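The C-alpha cells that follow cover one protein chain in two forms, given apart as structure 1 and structure 2.
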Structure 1
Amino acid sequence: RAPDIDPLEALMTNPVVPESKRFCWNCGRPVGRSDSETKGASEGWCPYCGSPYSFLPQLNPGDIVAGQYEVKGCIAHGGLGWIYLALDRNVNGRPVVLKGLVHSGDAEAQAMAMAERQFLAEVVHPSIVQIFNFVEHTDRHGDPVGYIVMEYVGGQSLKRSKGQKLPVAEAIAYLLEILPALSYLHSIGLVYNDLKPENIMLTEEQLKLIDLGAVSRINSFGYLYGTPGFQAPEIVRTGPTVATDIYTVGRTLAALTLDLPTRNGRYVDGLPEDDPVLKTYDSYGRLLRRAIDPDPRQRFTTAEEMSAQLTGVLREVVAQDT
C-alpha cells in the first residue's frame, strides 16, 4: 500500500532560526549568538540598542486566529519575523499566509498599523499577491499583535546568485509580465517601492509580486526604507514616485542578468564597465542605463513607456541570440 501524505508538511520549515541568521530588527546587529562564554538566547534584548527580539514562532500549529485561520506552521522567517501557513475557514479551508505588521508596539500601535495598510485589500491585479484580511492575535507573551492575511503563492523567488544569472531574454520576458502590475499601481496613485528579485515569485503558471510592505502613495515620505543597490538615490528628496519605481526596474533587470560587483554585501551603483552581457546586447545596456539614470527626469516617464521600449529590446535580443 502507497501512503497518504499531507502535502502541507513538505511546504513548511522547522520553526527555528539558525544563529547565523539572527539580527536585531532595530539596529541590524547580530543578536542571540553563542560565544566562547554563553549560549545564545532565542529571545531577549539587543545588547546595543535595547530593542526586544524573539526568534520563536508567535503562532503555533492548531492556533485559531480571529476564529477564521487555523495555523499549520511556518513557511519562512524574514525581517518582520515568521511567515505562517494557515487554513481559511471562510474560503473552503484554502491554505493562506499570515505575516506580522510591526516589529514591536502596544495595542494602539498594532491597531494603527492594521488600519494604514487596509487599502491593500482593494489592490486587485493577477500579478500582485492578494491581501484578504488584517487580523489581531496575542503573541507568545500575551500582548496583542497584528497580522496581514494573504494568498499562498507557489514556487520560489527570482533571486539568483553569481553562478545562476538569468539569460537576458528570460529576464526581459519576466519584467514585461511585471511592468503592467506597476502601471496598474501607478494608475491608482500607488508605488510598489520594493521591486527586487527576492520579491518576485515564479510559479508553475505566472510571476507574482509579494511583500506589499513598502507599497505607498506617490510623493509620500512616511516610508523611505529600501535596499542599497535597488533604491533610487533621490528618494529622500522626492519620496516614492513613478521615477523611483522605474529605477528599481533597471536595478532588478541588472541584478537578474549581470555579475554586478558587490561591496559590503550590496550591489554597487551604476553598471560595471566592459561587462560581457552589456557589450553583447547594446539596446539592453542602453535601456538599463536610462532606467537607472541619477536624474529621475531622464528615466522612462511611465511604466507603459518602459514596457514599449523593453518589448523592442526583447525582439533585438531574440534576433541576436540566433
Structure 2
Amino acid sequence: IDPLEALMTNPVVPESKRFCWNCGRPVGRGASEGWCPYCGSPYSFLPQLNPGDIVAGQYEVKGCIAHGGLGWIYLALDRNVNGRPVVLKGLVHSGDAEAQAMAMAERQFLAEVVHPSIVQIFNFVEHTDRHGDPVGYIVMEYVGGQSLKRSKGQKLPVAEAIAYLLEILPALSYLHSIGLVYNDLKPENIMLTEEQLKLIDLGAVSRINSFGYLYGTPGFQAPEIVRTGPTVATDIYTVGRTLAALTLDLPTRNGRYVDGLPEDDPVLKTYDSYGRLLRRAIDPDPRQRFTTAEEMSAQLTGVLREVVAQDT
C-alpha cells in the first residue's frame, strides 16, 4: 500500500532484545519503561515520538526504523526541504532540561562534518514531550540500505570487503584532516545502499585527544585508548578489526569479539598479504600500525590487486 510503511518497523522492542543500557541485564522481562531492578538506571523501550507528531514545527514523524544504543531511530518528513525523509535519534538516555540543552552543545560541532561517505547531520532540535520535559534530537540524513553486519555464515569474500573499506578510508582521512576521529567503525556502522557506502553513527566521533575514552564498541576498540585517548592509530585499529569481522571467523566471549586473530584461519593462510595487513593494522603497539588512513588505503589497494590476482 503506502511505500513508507515498508521502510519502517513495528514500534515494540521484543522482550528478547530488551536489556538495561547501564548493565546489560534483561530488563523489561514485562514493564516497557521504569527503573532497572538491578542498577537503578531509568529505561524506556517505548517510542518517544509518535506518527503525526511535529518536532520544532519542521519535522513530521512517521514512525520508527530501528532501535539501538540510545533507543529508537525515527523517520520524519522535513516540511522545509520538500518533505524528504530524515532520521531523528535521541542524544542521552536521560537528563533534565539543562542536560539535554548541554548534550546538544557538546555535539553541535558535527554540523561541519561534510563528506560523501558520511551521514549528513542537518539539524539539532528540541521537542517538548507529553510531560513538558524537553528532549534533544539530532536530525540526520536518511540513508536507505543495510549494514555490512555479517554473521558467521555470511562472511564477505575478501575482495568485496577490501573494496568496501577502500571506500571508507577516504572518509576517515577526511575526518583526520579536520582534527576528528570516527571512534566506532564496525560492520554494523557501515551502510550499503543501492548507490554507495555511508557511515551512519556519529555518536563516537571526537577530536584527537578528546576528553576520556568512552569512544566505541569493545572488540573493536584499540587496547591503548584508555591511556592514549582517541587517535588516528586507534581508528586504524578499528579498520583492521572491521576487515577481520567481515571476512574471518572470529570467536566471541560474552558477545564481544576476542582480541587478536584466529591465527590459523583458512582465509588467512590463503591471502598472505591481507593477513599481514590485518596484523599490522591491529598491532598492540600503536606505532607499528599504519601511520595514516591514506597510507593504509595505499597499501590496502595493493592487497586488493593481489587478492583479485590470486582469485584466478
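Rigid core here is just the name for the largest C-alpha set that superposes within 1.5 Å across the two forms. Reference numbering: structure 1, starting with residue 1.
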property	result
Flagged residue of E136, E234, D139, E177 - C-alpha shift reaching 2 Å or more between structures 1 and 2, core superposed	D139
Core-aligned C-alpha movement of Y152 between structures 1 and 2 reaching 2 Å	no
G222 C-alpha moves between structures 1 and 2 by 2 Å or more, core aligned	yes
Cα displacement of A113 between structures 1 and 2, once the rigid core is superposed (Å)	0.6
Core-aligned CA shift between structures 1 and 2 for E273 (Å)	2.1
Backbone CA shift between structures 1 and 2, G79, after core fitting (angstrom)	1.1
